[PDB]
Structure formats: C-alpha cells, structure tokens
Amino acid sequence: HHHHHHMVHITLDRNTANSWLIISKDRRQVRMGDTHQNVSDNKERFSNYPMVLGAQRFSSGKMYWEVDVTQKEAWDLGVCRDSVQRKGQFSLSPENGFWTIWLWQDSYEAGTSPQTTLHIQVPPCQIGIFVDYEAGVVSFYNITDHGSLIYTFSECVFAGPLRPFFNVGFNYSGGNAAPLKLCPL
Ligand SMILES: CCc1csc(-c2cnc[nH]2)n1
Ligand SMILES: CCc1csc(-c2cnc[nH]2)n1
C-alpha cells in the first residue's frame, strides 16, 4: 500500500485503561499486569476487558499507524467512536461503534456482526491501520507480508470522533503476556 505518508504519532490514554494494564512511560506500549495496578476507578475505564484508547481524536482526514503484536495469542485492534460503552459486557461491532480485527484461538476475524473469517497465510508481527474519515473506510494491512491487505470496512457510519482502540487480551494460558507496541514512523 501507499498510506505510509499519513502516519500519525499515537499515544495511549492512561485514564481509559482497564485497571490491570501497564502502560510504558512513553505511552507507546501496553501489557496485561498479573494484578490491579493501584489506580482509582472512573467512568472512562474499560471494566470487563483489557482495553485502552489512544489519546488522539480524529474527525476528518486520512490517518495511518502501526502496531507490533509479536508472539501474542489474542488481541483486538482498530478504531472506535469516542462514546463507546466502557462498563459491562458488549460485542465489538460497527453497531456498537467499533471497527476492529482480532486474533483468537489461532484464527483471525473482522469484528462485523456476525464476525467475518480473515484469510492470512503469513501470521502478522505488525499490523497497519488506515482510516479515511471522509470516505468512511478503515483498512488493515499485514506489514510482515509486504503490506498485503487483511480487511476493509467500507460504508462506515462513524457518527462521532474516532479514537485508536486496543485490547491486549487476557492471559489465562500464560502464553499471552507480551505487549502491544506502537511502532516508530
Ligand atoms: C468485547 C470484548 C470481549 C467480549 S467477550 C471477551 C472474552 C475474552 N476472553 C473471554 N471472553 N472479550
Ligand atoms: C493448524 C490447522 C490444522 C492442523 S491439522 C488440520 C486438518 C487436518 N485435516 C483437516 N484439517 N488443520
């Protein structure tokens, strides 16, 4: 793809993080802690899942960023409305304000309702995410496989400002402790 010149510097917003997440000093990495990280609760924190938002809000233009997912067994990535539900149980869908893909149990799926099977021959170590606000597009790219297309959400109805969205996943298996990392430009 040729989206690299729309690169944006994303940082993670601590205040939105599930209380078990550990965000690095530079706000560019996040991992699941083995316990509560000793922060106060607030109405913004994701309560049920190991999720966090980027600080940046997008309401126009074209944006591109990359995320490192090396050795993880489970994660969700994409964008979401600024006003998505934070508390309780919910599914990742455009109806609920999410445009995402994930890895779960050795399969990759797009967060449509119902979910869509993805066809990935080369397991990605880094994912590229492209948003075209005006066109209503969110696309995902396999950086490990020379930028090949993973999935395009088109005819998106964003209906609000967008934020970068991350889920590091649970670590019940002991094989999913590795971080998500925002890759340098
Ligand atoms: C919306 C994120 C979500 C729904 S259910 C779920 C889960 C992860 N592991 C077991 N269940 N995560
Ligand atoms: C890792 C996927 C896998 C292993 S063995 C297998 C399969 C065997 N027979 C049909 N399908 N699929």
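Residues take their numbers from the sequence shown, with the count starting at 1. Any value given below was found using the heavy atoms of this structure, including those in side chains, with hydrogens, waters and symmetry copies removed. Both ligands and their constituent atoms are indexed starting at 1 by order of listing.
- Every ring pair (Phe, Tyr, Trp, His ring centres under 6.0 Å) that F158 has, sequence neighbours left out, goes to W99, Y133.
- With a heavy-atom cut-off of 4.0 Å, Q89 does not touch ligand 1 at all.
- Sequence neighbours left out, the pairs with a member in residues 141-152 that pass side-chain hydrogen bond (donor to acceptor under 3.5 Å, both in side chains) are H3-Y141, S139-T152, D145-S148.
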Ring pair (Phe, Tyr, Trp, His ring centres under 6.0 Å) between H1 and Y64, intermediate numbers included: CA-CA 11 Å; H1 66 82; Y64 179 75; 5.1 Å; yes
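- Within ligand 1, counting atoms from 1 as listed, the ones closer than 4.0 Å to a heavy atom of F170 are 8 (C), 9 (N).
- Interface of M51 with ligand 1, defined as ligand atoms under 4.0 Å from a residue heavy atom, comprises 1 (C), 2 (C).
- Side chain of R45 to backbone of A17: a donor-acceptor contact under 3.5 angstrom is found.
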When the side chains of residues 170-182 are checked against the rest of the protein, which donor-acceptor pairs come out under 3.5 Å, sequence neighbours left out?
from : atom 1 : to   : atom 2 : distance (Å)
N171 : OD1    : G174 : N      : 3.1
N171 : OD1    : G175 : N      : 3.3
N171 : OD1    : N176 : N      : 2.9
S173 : OG     : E73  : OE1    : 2.6
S173 : OG     : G175 : N      : 2.9
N176 : OD1    : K72  : NZ     : 3.1
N176 : OD1    : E73  : N      : 2.9
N176 : OD1    : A74  : N      : 3.3
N176 : ND2    : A74  : O      : 3.1
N176 : ND2    : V168 : O      : 3.2
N176 : ND2    : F170 : O      : 2.9

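- At a heavy-atom cutoff of 4.0 Å, ligand 2 has no protein residue nearby.
- Under the 4.5 Å side-chain criterion, counting only non-hydrogen atoms from C-beta, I150 is not in contact with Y108.
- Residue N42 qualifies as enclosed at atom CG: its count of foreign heavy atoms under 6.0 Å is above 12.
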